[PDB]
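Here's the structure we're looking at; comments come further down.
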Amino acid sequence: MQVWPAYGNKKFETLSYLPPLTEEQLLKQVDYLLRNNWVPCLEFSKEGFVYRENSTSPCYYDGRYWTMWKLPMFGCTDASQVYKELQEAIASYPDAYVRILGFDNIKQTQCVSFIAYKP
Amino acid sequence: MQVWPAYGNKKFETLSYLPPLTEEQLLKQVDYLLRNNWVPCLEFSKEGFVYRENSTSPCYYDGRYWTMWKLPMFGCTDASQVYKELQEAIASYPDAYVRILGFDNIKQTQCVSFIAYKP
Amino acid sequence: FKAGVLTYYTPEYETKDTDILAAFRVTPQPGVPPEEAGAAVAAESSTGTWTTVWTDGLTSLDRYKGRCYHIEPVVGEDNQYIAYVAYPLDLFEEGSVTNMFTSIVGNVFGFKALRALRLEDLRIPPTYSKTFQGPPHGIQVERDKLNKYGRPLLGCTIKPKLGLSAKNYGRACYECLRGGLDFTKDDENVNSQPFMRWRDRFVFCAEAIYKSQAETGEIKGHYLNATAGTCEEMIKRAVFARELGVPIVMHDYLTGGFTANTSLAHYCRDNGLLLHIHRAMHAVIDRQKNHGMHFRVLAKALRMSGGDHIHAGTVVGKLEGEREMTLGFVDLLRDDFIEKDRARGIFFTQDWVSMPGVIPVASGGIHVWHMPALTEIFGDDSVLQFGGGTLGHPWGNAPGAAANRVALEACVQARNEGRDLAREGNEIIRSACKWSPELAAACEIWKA
Amino acid sequence: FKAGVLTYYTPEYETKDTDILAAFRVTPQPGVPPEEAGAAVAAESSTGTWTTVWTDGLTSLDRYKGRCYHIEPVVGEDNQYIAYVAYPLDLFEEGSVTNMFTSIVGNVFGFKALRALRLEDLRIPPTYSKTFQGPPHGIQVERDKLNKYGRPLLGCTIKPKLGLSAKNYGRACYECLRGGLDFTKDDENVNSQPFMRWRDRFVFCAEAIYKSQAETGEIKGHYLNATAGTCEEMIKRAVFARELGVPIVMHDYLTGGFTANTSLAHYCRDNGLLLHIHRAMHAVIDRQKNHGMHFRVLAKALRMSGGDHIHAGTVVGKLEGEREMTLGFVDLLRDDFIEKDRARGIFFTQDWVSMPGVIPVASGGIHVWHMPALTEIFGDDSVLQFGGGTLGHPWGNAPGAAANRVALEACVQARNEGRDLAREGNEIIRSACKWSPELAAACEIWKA
């Protein structure tokens, strides 16, 4: 019997219960976006998690948005270009979390979010 | 095609769509009470019908009670005794309607009401 | 605690006076023995789980399990059984038919090992039924409020249900009521619709109620359908009926649902309104002998959730066994104490400890020649509904109403004199035709 | 007008874009031809009457009749037919699933000439569906509110459903949620009961939601059951969930009923609450192939009345034909436009004109080895419920939740890389066991 860690084990939604993604594994997740014609977009934040400062009304939370890195990468054909921008974001904000979003312009909604860098 | 009379045809609930009861027919209705151990009781009123003077709230009506003739005829064994009291009520109130009620002490409720005399 | 994948069959269990009891007609899959099927019925409607869970050690789960305590075969059926299941009182939210149904029929009908399943009866213990208001008024209070004694009541559903203006609809109501019917009725489908919005219908039906009441001197009503898409709309409609001062509103309790119905029954109690209940969609559930819920279960549930009338079908054109089943649930709806009687589908003795009864409403293609049979079978505490049997009279609604009222009173008079309606009915009707031209005209259109 | 006792079979009728269409599986009695049975289905669910009534001359009743416009045989059944019926838009009260059901299934299932009858599908025209709010939020809004993307959501029903104190119940919730599940769940039976009153449960479940959310950094919820005996009680419970600031409440829509459900969906829209819908009692209606209503009709009705999740059953342990039927009504619940597809039980093309979709919830004895199949079949827009599959883990709720979350994310990762879950699923799970002791422990208890 092992006890599930109660401290130091905070999470970032989809894929964050897996081992940290290798570069090759991250490129495969980005290629999954590209094959589906979804637009990758990076965002970053030193605060990693939601909070409730301004309202506790149902389904209101603060901290769901992070800060956009540049713009969604419309017309991206090469997953290595997302990895390149990841390294730029880390260099500018090495103390921030960085994650990769995906946008679906047919469903007209955000459709992907997974952690790409932890400080 | 005959037109159902719209005036002069007011009613008194059960049996009042039948021809006026003969004495023999009335005695048969009283005997029906006695066979069932229901207590006959006469009541009378010059006003024949309900009205709504004091409230129009749902299921409130005035004029549902008439005035009791003597008391319910507990221990009645002979339908002619009800007919006798009918003639007394008519003699005292010849301008009043008179009807025969029945009371069911097992259901604990009034259970019969039919017209017996119209002025 | 060890993780991993006939405990619920307890044939010597003694039922408690607080238990809710259920009688299920169960059809096992091929190869499933009847004891294992009965155990599954009890497990899958209580505490059965596919793998062990450690949290069970924090309580005493034997106190919460349903127990199949008896199984019997069904005559004429090689693969049907009646399985009797007892549920502890503590499973059930007080006053909630919704929770009673959820707890007992919420899950078990989908279990793979049961090819078919029908809930036939429930024993509602007094300890649970005393948590329910029950009917807003009930049979005896309703008779006293309306000043009506000694005969079945009479009603008519307005046809066509949709297609008339609210004013033309109300005109038809007035003509029916003035001829001698006690009630007219909104069809179960008539709620609020293009070309007949509900508040307009309520206004004109109220005008008809009061015009016919003033004319005849008898108290009149119209079942104003409050069934609606939301609870707020339903109450809004009852509120306007309240303002109009009319005696009776209506609800489709199965399609509106028990949570809304119980709310409306409470509103009716609080405001003196009688509540007519239509059983629309019941045959989706209650028709097939092998699967669903028998109407008597739906009838007990309505008495608990609350209603003053409930549609109960017809007995004419039905075989003796069907009539016996109807009379069984009519007693369950009206009486204070109903002894077990399997010949009438009464699987449990049922004690209502003074909860008032509900007036059963007979309907379905009936006309004047059915009056002796209906009077004999239902007795006084019934409503007999004559839709086409009134609006189809060749002289119109008021003569058609009069023909029905005369036919009924002729039957009541003869019964009270000691005559046998079962053998003399046709002659009683023929005798009344001699002095009632309205009845004579009805009797030539429709046949004995 | 003359008083007295295949008009409804119109095989050349062209359906209108405003018509509500119905596909009925009809089993005629012996000696009743299929055209007469189809005509009866249309007549007895619209304007059919047993005798002529003069009031018909005050309107144009052809504008209100249902028309059976097509009949087809059923392969493998000598006495089943699909009868297609068209109903005019004007029959239906805007915004009322209650009236839609009453109008179409209120009466016809009892008609003597029909030995059995099942409503298989409804074509809801945009003109009628635009009178309904629909889901309080729907799939895309819910994902945005909860900040959850790219994977099925995960939930757990607390067991035992009754028997725990409110605090012990909440403790189990906290341990499940902190291990990686998105939701825990009140059983459909858990409303308010002796020993666990609803407001106490809400307090302790809220404490668990917030403790696990603060610990994990992921937004958590618990489906707090608001199902109740009356509408007033139901709203009272949603109001307290609102005060507690929690994200999601729950309703048993069939046992509470559509009138209450629509009210609660409105309250949830007005207050930002997600609405989890449990389909308790559906198998009373939807199990038998010959009689009742198919679940896809009950599913369309829930999307209209309003809910953000709905229980949808399972596909594992089911044959290819059953899985195809499930996928058919999953598309009817989620998608904007669903083309007719008889192989998946989609009898009509269905256009929802931007009414949001409902997340289907898979449940029923599932565990870690089902994760590849469930992910492959439902895709991301689903909730996978693991009751015993979490509370039955040998190391407790948080490791059991973690095993399920790891199994799911392993499947999602592999799918996204282009691997075939249908063929590589077991190997994907085995690979994750190598680095996840929680998953390895689950995989020895339960089998591939």
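Counting begins at 1 with the first residue displayed.
Yeah, the Cβs are placed from backbone N, Cα and C, and that goes for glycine too.
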Which of C:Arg279, C:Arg287, C:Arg334, C:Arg342 belongs with C:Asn107, C:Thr157, C:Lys161, C:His311, C:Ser363 in the substrate site listed by Swiss-Prot: C:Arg279
Given the recorded positions C:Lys159, C:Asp187, C:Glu188, C:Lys318, which lie close to C:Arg279 (substrate binding site), meaning Cα to Cα within 10 A? C:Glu188
Taking Cα atoms as reference points, which of the recorded positions C:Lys159, C:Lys185, C:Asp187, C:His278, C:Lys318 is nearest to C:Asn107 (substrate binding site)? C:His278
Could you tell me the whole-number distance in Å between the Cα atoms of C:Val5 and C:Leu6, where 4 residues in between were not modelled? 15
Just give me the nearest neighbour of C:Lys161 (substrate binding site) among the recorded positions C:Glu188, C:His278, C:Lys318, Cα to Cα. C:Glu188
If we take the Cα of C:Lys185 (Mg(2+) binding site) and draw a 10 Å sphere, the binding-site residues of C:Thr157, C:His311, C:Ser363 inside it are C:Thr157
If you measure every Cα to Cα distance among C:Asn107, C:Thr157, C:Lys161, C:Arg279, C:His311, C:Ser363, the residues said to bind substrate, what is the biggest one in Å? 37
Under a three-state reduction of DSSP output, how is C:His311 (substrate binding site) classified: helix, strand, or coil? strand
For C:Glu188 (Mg(2+) binding site), what residues in its own chain, 6 or more apart in sequence, show a Cβ-Cβ distance under 8 Å? C:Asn225, C:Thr227, C:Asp252, C:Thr255, C:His278, C:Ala280
Taking just the CA atoms, what is the gap between C:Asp187 (Mg(2+) binding site) and C:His311 (substrate binding site) in Å? 12
C:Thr157 (substrate binding site) to C:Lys318 (site 'Transition state stabilizer'), Cα to Cα, whole Å, comes out at 22
Write down the Cα-Cα distance for C:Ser363 (substrate binding site) and C:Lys159 (active site, proton acceptor), rounded and given in Å. 14
Please list, in sequence order, the residues in the chain of C:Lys318 (site 'Transition state stabilizer') that are at least six apart in sequence and whose C-beta is under 8 Å away from its C-beta. C:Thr326
